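Note that the chains take the letters A, B, C, D, E, F, G, H, I, J, K, L and M in the order they are written out, and that residue 1 is the start of every chain.
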């Protein structure tokens, strides 16, 4: 019944991850397989393709949170 | 009813493969046959011809995905 | 009769895209064809030529919007 | 109604073979006959004459495909 | 009355092709004939001579476009 | 009698171009000729030699303007 | 009972090596044997085949670690 | 129950050898016999015929592995 | 009285050609004569000897210009 | 009696050039001679050897000046 | 008690030579004898047989060292 | 009794060189000998083997120092 | 009393030539004699033997200088 506290920026992170929740799992499993056969073109292409997206999984995630935090700073900058 | 998640760059990879989905199968079967008779001019010519295309199956595939990812980086570079 | 809201920077994006609205379609169709025959010099040259322009379709687009936003920040920086 | 996939370089191979589709059959039948009477000057001359052409059936074939693939590499070398 | 959109780099490609528009046709027809008689010295010499030029038809074409795109990048690199 | 407005940085661009006003024309005409005969060593050498200079026609041009703009920013940074 | 400290990127390296832990041993033993008889086609083929994989044992290993470190930098880049 | 590790390129080597696993044995036994009677036309013809195939047993084998490794390099070349 | 514009790299090209201005003419005339009698040992030796130098007439020419352009890039790389 | 003004970074450039004042002259004269006989191994070796040093004549020169300018920026960055 | 320093690639060279340490001596002594009687079929066969192996004594040696150095470069290429 | 001043990065350079202090001497002496007999396979193999290590003597040396300097910059970047 | 300036890479060239200063003279004199009697086995053997070494007089010379220049580039690549 209890629910851990989550702020707005927390929610923003969740909102982004919602659409790419599977992305992490896919690229992780692609890594797991590729580790067994690094020389597999199929595993290389699949992993790298999903990894270039996983790059934004972290980058774009933190970027959007920053901006939503930046508009927070903008408001409290005028906190008369 | 469920469908695995696929990003834009994932879709780009699929879009390329769509037109050369058979290419992989053809050159694989050509390899399978050539393995039996490597000294067959017919199997050599067919396999090598389709293999020189299969070279782009991987190369050109990853190239187009990179570019579509590069314009992604270009945009988020200006992520004010 | 109703018209979706559009800001100045929105208009700037539209103004850029206006002159290259077809560019996206051309390079997309070039990709669609190239996918079928990646090994076609004609499709490679056409696609890559239009793709190097499509690079600016995203890059230069976001660049001009940034600048028009930067002069916005410059003004409100002096928002006494 | 269905048609097996064929790339550009595949088409190049077909384009060459089109003009020498019979060459293979002729030199094969010449071999078949010569096998029966290797000591026949007529079969030797005919077979060897068509065989020296069959030499290009494979050589020149793969050469032209290579070049058309080489200009493919040239283009994607500048795949910015 | 309508005219398909063409960018600067598109125009650059056209400008190059303008002077060698016939080159492609000549070497294609040379291939078509050579396919019929690969063992013809006349067709071999003519085709190969025009093919060594057709090598630049693709290579030099993409090279000049790259450079004109490179000076584009150079400018927008200073896009303050 | 009327003269279009030109700023300092505009003048800087003009000052650079003044010394290489012909450069653009020379390399353009070299391109025009080379397009006709790409396989001409003379046209290749002349064009490429002037093109490597034309590289700076754009690069160095925008570089000097940037710097003169950078010292502008430096001054107005202290615009008390 | 004690366990040496290992970071995430350390774990990433281990995760890759897990699937190719034997690869190193195989190619090392192949080298050891080949050293005795360099002129053995069997040892050459086996060693070189496993060596071309061992190329990725180091290359692909460090590549994946870099990327996982790159997304680390991406996050701390927004470390407000 | 245990199985030695094998990569993709390892599998490629095996896939080729699968179709010519007997080739090695045949030409080896042909050598063994020929060694006893080098002057036997039957042993010379049989051995040399199978040896010219054994030439590809090594050559074509390593060639196909190289290519499958080359497309591996192509992918990781774009390992952003 | 008027003199066409020439840059530094233009001057570099001229400086090289200065010492081999005659080389081009000599090997061209050697070609003209050889064309009449290709089977002349004297024309073959003279032409080929001067042609192997004419190889550098283009190669070494463009090489030195590149380097002088490379040190140009090196400087403007530090164009603070 | 009059002496042209020279700043610190000017002095830095002079300090570097002091030790390689002759380098420029040597490689220039080597070029002058090589231009006459490009096919001379002695002129090629001497010129190229001194040219690879002349590469640093410009590169390393501008590098050291940059650094001495960078520590200038570092100081005035704290110009309270 | 003192031991000269040896790097990894040094060790790699030693590891190869270990298995063919005698090869050099054998082919050297075969040369020494053959020098006395070049026309000896026995010395020719023995020397040439061991010389064709001595070919790899140098070639394959440097090849393996290169590769082990290449994976060194691969790692330090990602030396963030 | 007096000791020249040495910073941390100085110590880092020394720490690296400590393990390869002999490397420089070995490859220098190998060069000295090779200069006398460049055509000696033994001197070529030894020198080149130690030279490929000497490549890192400079490269890897400066790399590690850079990184230790980079973490210095990282700290003083937060020098509040 | 005056001594022409010489850089490190200059010294490297000299260091190599030191051990083969006579090589050039020997093979030059061998050429001079051979020119008189090209059909002399003694002059052919002597000249060709020293010429195959003179091949490295230029090749190996420039190779070692390149490497010593390459480690120069490696250092200044980290010229922070």
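Note that in this section contacts are C-beta pairs under 8 Å (C-beta built on N, C-alpha and C of every residue); 3 or more make two chains touch, one makes a residue touch a chain.
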Chain pair equivalent in interface to F-I, over half of contacts matched, among A-G, C-D or C-E: C-E
Pair of chains joined by more contacts [C-beta pairs], A-G or C-D: A-G
Whole-Å separation of chain centres (CA-atom averages), subunit H against subunit K: 25
Rounded Å distance between subunit E and subunit F, as computed from the means of their C-alpha atoms: 27
Subunit B and subunit M, separation of their C-alpha mean positions in angstrom: 49
Inter-chain centre distance, subunit E versus subunit M - centres from mean C-alpha coordinates, in Å: 43
Residue numbers of subunit M (touch at least two other chains): 80
Footprint of subunit M on subunit L - complex, ascending: 31-32, 34-39, 51, 54-55, 57-59, 62-63, 65-66, 69
Interfacial residue positions of subunit B with respect to subunit D in the complex: 19-23, 26, 41, 45, 48-50, 52-53, 55-56, 59-60, 63, 67
Contact set on subunit D toward subunit B in their complex: 4-5, 7-10, 13, 58, 61-62, 65-66, 69, 72, 76, 79-80
Subunit L contact footprint on subunit M (complex, rising order): 15-20, 52-53, 56-57, 60, 64, 67, 70-71, 74-75, 77-78, 80
Subunit C residues within the subunit D interface of the complex: 37-41, 43-45, 48, 51-52, 55
